Protein chains: 2
Amino acid sequence: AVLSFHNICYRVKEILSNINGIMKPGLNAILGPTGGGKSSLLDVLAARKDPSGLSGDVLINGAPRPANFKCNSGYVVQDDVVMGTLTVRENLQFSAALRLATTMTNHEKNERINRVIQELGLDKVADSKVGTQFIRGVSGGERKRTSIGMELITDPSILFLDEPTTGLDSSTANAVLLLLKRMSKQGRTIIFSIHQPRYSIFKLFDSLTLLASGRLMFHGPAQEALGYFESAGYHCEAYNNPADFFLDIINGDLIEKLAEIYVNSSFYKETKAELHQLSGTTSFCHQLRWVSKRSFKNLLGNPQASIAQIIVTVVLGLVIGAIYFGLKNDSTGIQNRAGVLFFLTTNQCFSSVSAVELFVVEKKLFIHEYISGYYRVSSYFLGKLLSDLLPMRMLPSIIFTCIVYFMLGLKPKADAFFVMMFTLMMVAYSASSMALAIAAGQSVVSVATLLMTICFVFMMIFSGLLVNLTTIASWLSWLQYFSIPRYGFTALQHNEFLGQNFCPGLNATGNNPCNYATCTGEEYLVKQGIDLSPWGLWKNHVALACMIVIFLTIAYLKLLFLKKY
Amino acid sequence: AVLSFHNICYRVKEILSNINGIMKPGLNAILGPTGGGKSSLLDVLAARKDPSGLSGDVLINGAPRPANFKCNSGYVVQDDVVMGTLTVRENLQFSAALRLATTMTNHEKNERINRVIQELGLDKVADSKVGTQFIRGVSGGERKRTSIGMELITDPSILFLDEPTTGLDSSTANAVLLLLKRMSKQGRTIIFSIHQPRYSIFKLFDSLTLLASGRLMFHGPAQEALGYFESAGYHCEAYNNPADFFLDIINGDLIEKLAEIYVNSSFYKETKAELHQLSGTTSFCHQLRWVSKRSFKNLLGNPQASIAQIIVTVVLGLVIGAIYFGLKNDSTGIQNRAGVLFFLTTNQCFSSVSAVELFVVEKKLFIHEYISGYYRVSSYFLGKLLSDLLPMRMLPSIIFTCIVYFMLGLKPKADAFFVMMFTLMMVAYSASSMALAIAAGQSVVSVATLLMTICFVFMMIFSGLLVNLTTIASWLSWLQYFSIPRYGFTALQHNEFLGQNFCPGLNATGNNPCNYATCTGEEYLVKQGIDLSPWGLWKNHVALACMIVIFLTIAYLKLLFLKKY
Ligand SMILES: Cc1ccc(NC(=O)c2ccc(CN3CCN(C)CC3)cc2)cc1Nc1nccc(-c2cccnc2)n1
Ligand SMILES: CC(C)CCC[C@@H](C)[C@H]1CC[C@H]2[C@@H]3CC=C4C[C@@H](O)CC[C@]4(C)[C@H]3CC[C@]12C
Ligand SMILES: CC(C)CCC[C@@H](C)[C@H]1CC[C@H]2[C@@H]3CC=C4C[C@@H](O)CC[C@]4(C)[C@H]3CC[C@]12C
């Protein structure tokens, strides 16, 4: 194929202006400083910029662009979207399992990818972890071509690369481009935007589209690539870089002085002729099965934050298991259970600040994938929390009630012990479902951690311990239902002080003199304003279920309405 | 003033090796890549590297370095050390007020610095805020020139500049380079290390000392600056950068091939001739008066970290003031009073995370000023907390207990109001001192926060409310004394349960049947196990003062034993 664009303009102040470059198959390039449009019109061609400010017409061999054009062409980006704790043969496995595996069977995807790993120089390191900045692995010179093949699995026709060789250890930074030379001969239109090449590839190109000050510059066809500026007064000369002086008139030795050449130039007079010549979603249930495989294999591969909520949980169980040990039934038994039941509820809230890193640590990965048509939004959101949020906020609840229960000496039944295990694994979801809502769809975390714990302290006040709720008169008992650690703390106190006594040496079973005593259980709950009825126990657990579905929806309601551009 | 160094070696693996350069008065330079040794030998000549790993010698006009060599030579650095929210005239005033003017009075410093601001291009914007990243102001081309004049006040001999043009908006990047030429004509030996110049001032220098791979490289003299590489095979050619092709040898068109030409070059053999020829704390009381004037001015002009700790104090005072309001003396008066006293002492303890930014955010400021001999460490530390710690930890305490005391209805005495205002501003310093102890002398905040709020939860348990302390049996009750909000909570509970009744309609002054009642005040305190005597109240305050003196001391001790190099 062949790309072209005529009379392109754009606004957010008008950013770009009328440019009319052509783009033949081969190996193109975009040049210029960072302030110009070296990173702008790449997002115009690949349907990445917003179609509001776009005015001109961009063509693909005379025909206009299809309605599915962005999901057939690669967009290898600068910041690497390859997953860290994953195998390379597993990483290309994930790309092949979504874009093209609708009809071909499971021994047809593995022969197409072996055609790719036999390219790229990859068969030596084909079964290693790619490594992160935190864990050593495959070096940075070999991960950029690893991300190239992830969008080469489907058969493309344009590879919109996005400045590969920046911060890429220049001794082997050419190894990406000499690789790009040999793959360009098969009929691929490599269109990218390199960042400050010195001299070496200035002959090893096919067509430049240098831009400066975000306005306009040609030199579309370029193998001579320098002859346009040696007749304009401002000459690049002996002992001068050719690729740096061209934009040095804004660097201080006007750009309008070299802009005005193109009314009477040597390349504009032929390109307007051709540009005026030609002027006239699959298998939903397969998705969240395979999306579930990455986030689970990511957790096993990185055992530094996974065990970090297991050790600090079972250590904290033993400290509460050692401070409290054999709590008695004396006069200091009401206060001794009011604390240890308050600590288990509040720790299940405040240790759920670490769910902000479930969506915001890889927000750059998500927007690139959904715009490339891998999976639907609801398949990501129903699959992500089903794989990481559930089995990391459930097992650190049942270990944290199995250790503590037979060390304190609570009510030693069988059904009343499976409720305390149930309420902690329900309040920890309804605490984490709050953190998922005010985080998803952002870029930083230091405005969604100072905001969340400043709202988790206003929930800690109305909790039936520091207030004694049935004393605020009218206009501040309607904030009482908005606090998550209430409903866990009430249901934990309901099955705890039923049928117990705290006045040993006397008896008040049915003969109760001497008021202002609080020595039996069932009068203590009356004073704290909670119902003495078996419906009143399960009233909280149907409230947290409605607190989860409300909060989890407005996460998924805001993952749809985000700027996917 | 003339520098000379012969056969320098340096080990942390030896990074550096034998270098043989001579530095003439004029305007020198240091070139090369960032991974090499351009940023390494600047800290060797300017006495910033430690003299341990150094084996070679440096000479100032044949004499070695005196014991006071770093206290006459400025070290203008690449990241700015100018105070952001301060005016330029007072900023250069502070630089003059410490180094030289102990004998002259206050009408000689402005006589010298008016000559300085008449240079430098300062006479337009001499009286504004210089600004920072977060708050705007004077542009970057004027902020870097302010640091130059800041260490130009005392009459120097060498200005060891430290890569000025890093990220410095190239159209006026030559302006500071043009400014350095004119001041150098009067006996200023400028030694700096530029970062990738294009072509222009490469000829407008006096003596390069280009280096690469941290090993060695020559061209000491520089007036032709290119005549060496046209005789070495790897010739810099027409239409090629001369500034890069000298160091493009690290990219591979071998660096060591050029080093073998250095045993037979035209500059190795005559430089060894001369180097083998020539080889054969003031007014301490005045200091902390003036140091406190800066940081107090840094609170006035920056109303984003000062009034932010007043609004969240007074919007919290009403929320506490409205939840509890007119607390009674009936049977739910104990729990309703122990809550709000627990929430006041812990809120002063978790409001200590906002004081670890008091030393950490300006460590790069403190290291540069102490090695240049501005002030002693005991003047900086004792001058810091007098200005930024005292009037910002006390004023959000007495506004927090005045607005709530009559709002709740506590004991309406006169002296019992001056204990609650006193104890909260006594627990606040001891809380802020502990956050000063495990932060002072570090680089990142996110280690001294997840280590400190993991310790201020081990103090929130042993706090007289969630434990009922006389049940921890033997071997964890020795951990009872290591917790800061215990001492603030007991002394607040001591003067608030003394002399009241929580048993309306009955009376237990000397007639108390019906045990487990807690109808009087003094039965509640003995049930918690605190001393019911005027010694036990003031026992906590003398314990808190011993906590302050211990923690403030190790803040001062770990400031001394720091790697100031
Ligand atoms: C078990 C508990 C009970 C109460 C509290 N918090 C408070 O008692 C409290 C009091 C006042 C404020 C208000 N603060 C005022 C100033 N502004 C700026 C911020 C909020 C906040 C919290 C924390 C905890 N525990 C807790 N909190 C956070 C984290 C952890 C934790 C535990 C284990 C592993 N990792 C983290 N544990
Ligand atoms: C703004 C959003 C996030 C918070 C929504 C709070 C609401 C939805 C929560 C707080 C209190 C909860 C209610 C408390 C009482 C009951 C019991 C029963 O009669 C129906 C459910 C119902 C009515 C709960 C439904 C969910 C509930 C109404
Ligand atoms: C490193 C620090 C925090 C712990 C060291 C202990 C210091 C800080 C604290 C902990 C317990 C405190 C002691 C507890 C008991 C008393 C009461 C009286 O007899 C004199 C003060 C004295 C003796 C306190 C002095 C300060 C003290 C010793």
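Numbering of chain B is taken from Swiss-Prot, so the residues present carry the numbers 35-46, 61-301, 328-354, 370-654, in order.
Every residue gets a Cβ built from N, Cα and C, even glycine.
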Going by Swiss-Prot, which one of B:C603, B:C608 is joined to B:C592 by a disulfide bond?
B:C608
Membrane_side_equal(B:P501, B:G599) from Swiss-Prot:
yes
Look up B:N557, B:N596 in Swiss-Prot and give me whichever carries the note N-linked glycosylation site.
B:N596
For B:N418 (site 'Not glycosylated'), identify the closest of the binding-site residues B:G83, B:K86, B:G185, B:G188, judging by Cα separation.
B:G185
Does the transmembrane segment (B:396-416) come close to the transmembrane segment (B:507-527), meaning at least 3 CB pairs under 8 Å for residues 6 or more apart?
no
Given the recorded positions B:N557, B:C592, B:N596, B:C608, find the one whose Cα is closest in space to the Cα of B:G185 (ATP binding site).
B:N557
Taking B:396-416, B:429-449, B:478-498, B:631-651 as candidates, which has the most Cβ pairs under 8 Å with the transmembrane segment (B:536-556)?
B:429-449
Would you kindly list the residues that approach the transmembrane segment (B:631-651) from elsewhere in its chain, counting only those six or more residues past its ends and only Cβ-Cβ distances under 8 Å?
448, 456, 466-467, 469-470, 474, 515-516, 518-519, 522-523, 525-526, 529-530, 570, 573, 576-577
Which whole-number value in Å describes the separation of the CA atoms of B:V46 and B:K61, between which 14 residues are not modelled?
7
If one measures from the C-alpha of B:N596 (N-linked glycosylation site) to the C-alpha of B:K86 (ATP binding site), what distance in angstrom results, rounded to a whole number?
86
Sparsest-packed among the binding-site residues, when each Cβ's other Cβ atoms within 10 Å are tallied, from B:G80, B:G83:
B:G83
Cβ under 8 Å from chain A: which of the recorded positions B:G185, B:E211, B:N418, B:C608 qualify?
B:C608
